[PDB]
Amino acid sequence: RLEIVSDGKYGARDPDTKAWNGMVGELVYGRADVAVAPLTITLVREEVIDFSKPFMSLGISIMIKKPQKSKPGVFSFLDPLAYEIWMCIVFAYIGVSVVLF
Amino acid sequence: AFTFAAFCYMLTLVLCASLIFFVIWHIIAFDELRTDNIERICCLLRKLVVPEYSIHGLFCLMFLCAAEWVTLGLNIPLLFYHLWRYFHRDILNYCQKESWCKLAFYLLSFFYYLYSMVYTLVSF
Amino acid sequence: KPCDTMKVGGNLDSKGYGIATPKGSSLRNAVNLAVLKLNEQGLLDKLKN
Amino acid sequence: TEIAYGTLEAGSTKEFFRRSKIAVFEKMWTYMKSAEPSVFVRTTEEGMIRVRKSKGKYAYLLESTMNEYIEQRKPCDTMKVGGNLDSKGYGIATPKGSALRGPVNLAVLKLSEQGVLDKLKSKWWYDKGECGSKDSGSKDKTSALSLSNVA
Amino acid sequence: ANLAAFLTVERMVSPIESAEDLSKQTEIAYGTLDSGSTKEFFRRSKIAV
Amino acid sequence: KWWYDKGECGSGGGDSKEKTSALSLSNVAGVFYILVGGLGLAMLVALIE
Amino acid sequence: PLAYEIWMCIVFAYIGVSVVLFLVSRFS
Ligand SMILES: O=c1[nH]c2cc(C(F)(F)F)c(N3CCOCC3)cc2n(CP(=O)(O)O)c1=O
Ligand SMILES: CCCCCCCCCCCCCC
Ligand SMILES: CCCCCCCCCC
Ligand SMILES: CCCCCCCC
């Protein structure tokens with residue numbers, strides 16, 4: 001029969017009193033016979049409780065924000081020159097033309 | 001988005017508008033002969049029909065490379081009618097009915113490029 | 001050498017290399033705890049590096 | 001140093017970095033120990049939305065299984081990169097000195113050998129993801145210039 | 001500009017990234033050991049890939 | 001450990017620190033001054049001629 | 001340096017500009 005632990009934690013040896021908390025506590029004190037759950041195998045736990053072979057391996061991984069597609073703008077070709085340059089070119093274009101006339 | 005077929009539908013709007021002026025000028029040429037030198041109006045008609053048929057040849061060629069075969073089917077029967085003009089090379093009432101359908105066909109298909117292009121650009 | 005090849009893709013199946021111990025021997029209750037201590041201390045990772 | 005990486009406020013990861021005598025992990029611990037912004041989150045979900053809101057500025061360090069589930073079974077705006085730093089392992093337990101350890105251990109090794117645990121993992125982590133696997137075939141980075149750049 | 005950016009820096013990517021990807025392209029002939037753990041594992045495999 | 005490890009910045013980290021530099025009129029104004037100077041000189045010799 | 005989708009767009013834009021210029025130089 002499957003039942004969830006009331007504490008909702010895995011628990012370890014408390015620093016004040018030598019009492020195991022969580023699922024490992026109910027196992028040592030005889031409150032449970034099997035604890036099938038994600039439980040990291042450590043030294044302090046195995047020293048008091050029995051463990052089986054690891055049914056799943058893991059490790060400390062890195063999680064970063066997924067870079068989006070970054071769709072460039074419609075006028076992306078106007079990036080190498082600033083907006084001030086493009087306008088100054090047009091005003092210099094008409095200025096040279098009027099002077100040439 | 002930005003696809004090769006979306007750009008082909010954009011060049012059609014600029015080119016099909018020029019085909020509209022040709023079929024309109026043809027009706028004006030037919031109306032002038034109906035009211036009534038005569039070789040001038042007919043020779044000018046021969047110079048106008050050649051670009052109208054060659055421009056439509058690009059419409060059947062641009063969409064062929066654009067993989068838009070659902071639009072090619074709307075232009076193949078138009079190109080097949082051009083073959084009858086080149087194979088054979090009263091007539092006033094026949095040419096009048098053979099020109100009013102051109103204005104309606106070149107306009108109804110013109111609105112397709114005005115809408116099928118939007119069905120691809122904003123659909124990114 | 002000459003490092004002309006490389007590894008690509010993740011591990012498909014994950015099995016472990018365990019330290020053997022005779023059945024009737026009483027060394028399992030010691031080697032298990034010792035291996036767990038060495039794994040928690042980060043010594044196996046440094047030895048592999 | 002442009003991206004600040006943090007871990008759980010009180011967890012096994014913080015205790016591991018505090019006792020890691022590795023030059024690769026030592027410099028990371030001294031950086032995370034002194035930092036003006038918050039480099040430690042109490043709830044793993046609060047750190048998750050912090051990564052999604054940082055947009056390439058906060059790299060959360062969590063376990064592999066929780067990272068793969070939060071990437072697949074959630075709206076995938078973040079991804080997992082790189083291999084595992086350390087090596088751990090789950091496992092079902094049994095009271096000290098009980099007759100339910102031998103046959104139980106043999107059943108775990110039998111299930112892991114017959115390819116059952118790999119099937120159950122691929123079903124609950126990939127076959128039931130939130131955003132799914134959109135375009136499973138990874139689109140190679142085209143070196144050529146796209147059309148939208150000169151549109 | 002793009003041709004100058006090409007010859008400046010090179011970015012060679014691997015033709016494959018995982019085992020589930022090469023099983024669909026089927027363009028690279030991959031081989032395993034004759035008799036061992038890999039052959040026995042690929043023999044009795046329930047997954048489709 | 002006490003001088004280089006406990007440092008605020010890193011030499012190996014900020015090696016390149018390259019960023020996309022968008023050009024502006026701050027460094028291009030050198031050719032605009034000559035452009036107007038050429039027009040003023042051309043209008044001057046035109047009036048003298 | 002240019003994707004195959006751009007090379008197909010340049011040729012048809014070239015012929016398009018050419019036929020547009022020819023049509024403009026015809027009404028006159
Ligand atoms: O025995 C333990 N089992 C654990 C199992 C899990 C998981 F199964 F992944 F949920 C996690 N998480 C991984 C990342 O942080 C959020 C939850 C931590 C565990 N911890 C460390 P604690 O929760 O700080 O005690 C244990 O000590
Ligand atoms: C943008 C297109 C405008 C077309 C305007 C046409 C005006 C025609 C006036 C003369 C009509 C004569 C009919 C016999
Ligand atoms: C950036 C908005 C203004 C772009 C002007 C482009 C002008 C090109 C010809 C000088
Ligand atoms: C906002 C700038 C508009 C420029 C239009 C084209 C001028 C030659």
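As recorded in the PDB header, cryo-EM is the method behind this entry, and the stated resolution is 3.4 Å.

A few points about the overall build of chain B
In terms of regular secondary structure, chain B is built from 6 helices and 0 strands. Moving toward the C terminus, one meets the helices and strands of chain B in the order α-α-α-α-α-α.

Quick notes on the pairing of strand β1 (residues 4-8) of chain D
Residue and element names in this part refer to chain D. Judged from the 3 bridges that link them, β1 and strand β3 (residues 58-63) form a sheet pairing that is parallel. By the bridge assignment for β3, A4 is matched with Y58. Summarising the sheet, β1 and strand β2 (residues 40-41) pair through 2 bridges and their orientation is parallel. What sits directly across from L8, in β2, is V41.

Side note on helix α1 (residues 28-40) of chain C
In this model α1(C) runs 18 Å from its N-terminal to its C-terminal C-alpha over 13 residues, within 8% of the 18 Å that 1.5 Å per residue would give. Positive phi appears at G42(C), one or two residues downstream of α1(C), with a value of about 75°.

Thoughts on the state of the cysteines
Paired through a disulfide, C76(D) and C131(D) show a sulfur-sulfur distance of 2.0 Å. On the S-S bond that ties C76(D) to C131(D), the torsion sits near 125°, and the link is right-handed. A residue pair is termed long-range when its members are at least 10 positions apart, and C76(D) in the loop between α4 (64-72) and β4 (78-81) and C131(D) in the segment after α6 (117-125) qualify at 55 residues. Summary of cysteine pairing: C42(B) is not part of a disulfide, and the nearest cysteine sulfur, belonging to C43(B), is at 5.8 Å. Between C101(B), a free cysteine, and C95(B), which holds the nearest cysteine sulfur, the sulfur-to-sulfur gap is 11 Å.

Some words on the packing of aromatic side chains
Considering the side-chain rings of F21(B) and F27(G), the 6.4 Å spacing of their centres and the 65° angle between planes classify their relative orientation as edge-to-face. Residue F21(B) is found in helix α1 (residues 4-35), and its partner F27(G) is found in helix α1 (residues 4-27); the two belong to separate chains. An angle of 75° between the planes, with centres 5.7 Å apart, marks the rings of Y69(D) and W125(D) as edge-to-face. Here the residue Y69(D) occupies a position in helix α4, and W125(D) occupies one in helix α6, the gap between them amounting to 56 residues. One aromatic cluster is present, built from ring pairs that chain together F59(B), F63(B) and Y113(B). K88(D) extends its terminal NZ or CZ atom over the ring of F16(D), reaching a point 5.2 Å from the ring centre.

Observations regarding the interface of chain D and chain A
Taken together, the contacts link 47 residues of chain D with 37 residues of chain A. Sorting elements by how many residues they give to the side of chain D that touches chain A places β3(D) first, with 6 residues. Classifying every residue of the side of chain D that touches chain A gives 22 nonpolar, 16 polar and 9 charged. Relative to strand β5 (residues 88-89) of chain D, strand β2 (residues 57-58) of chain A runs antiparallel, the two being bridged by 2 bridges. Residue pairing for β5(D): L58(A) is matched across the bridge by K88(D).

The rules we used
- Residues numbered from 1 in each chain as written, not as in the entry; some residues may be left out.
- Chains lettered and ligands numbered in written order.
- Part of a larger assembly, values for the part shown.
- Heavy atoms only, no water.
- Residues with missing side-chain atoms left out of burial classes, pairs and counts.
- Helix = DSSP H or I, 4+ residues; strand = E, 2+ residues; numbered from the N terminus.
- Pairing = 2+ DSSP bridges.
- Expected span 1.5 Å × (residues − 1).
- Disulfide = S-S within 2.5 Å.
- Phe/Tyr/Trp six-rings, centres within 6.5 Å; stacked < 30°, edge-to-face > 60°.
- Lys NZ or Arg CZ within 6 Å of the ring centre and 35° of its normal.
- Contact = heavy atoms within 4.5 Å.
- Nonpolar A, V, L, I, M, F, W, Y, C, P; charged D, E, K, R; others polar.

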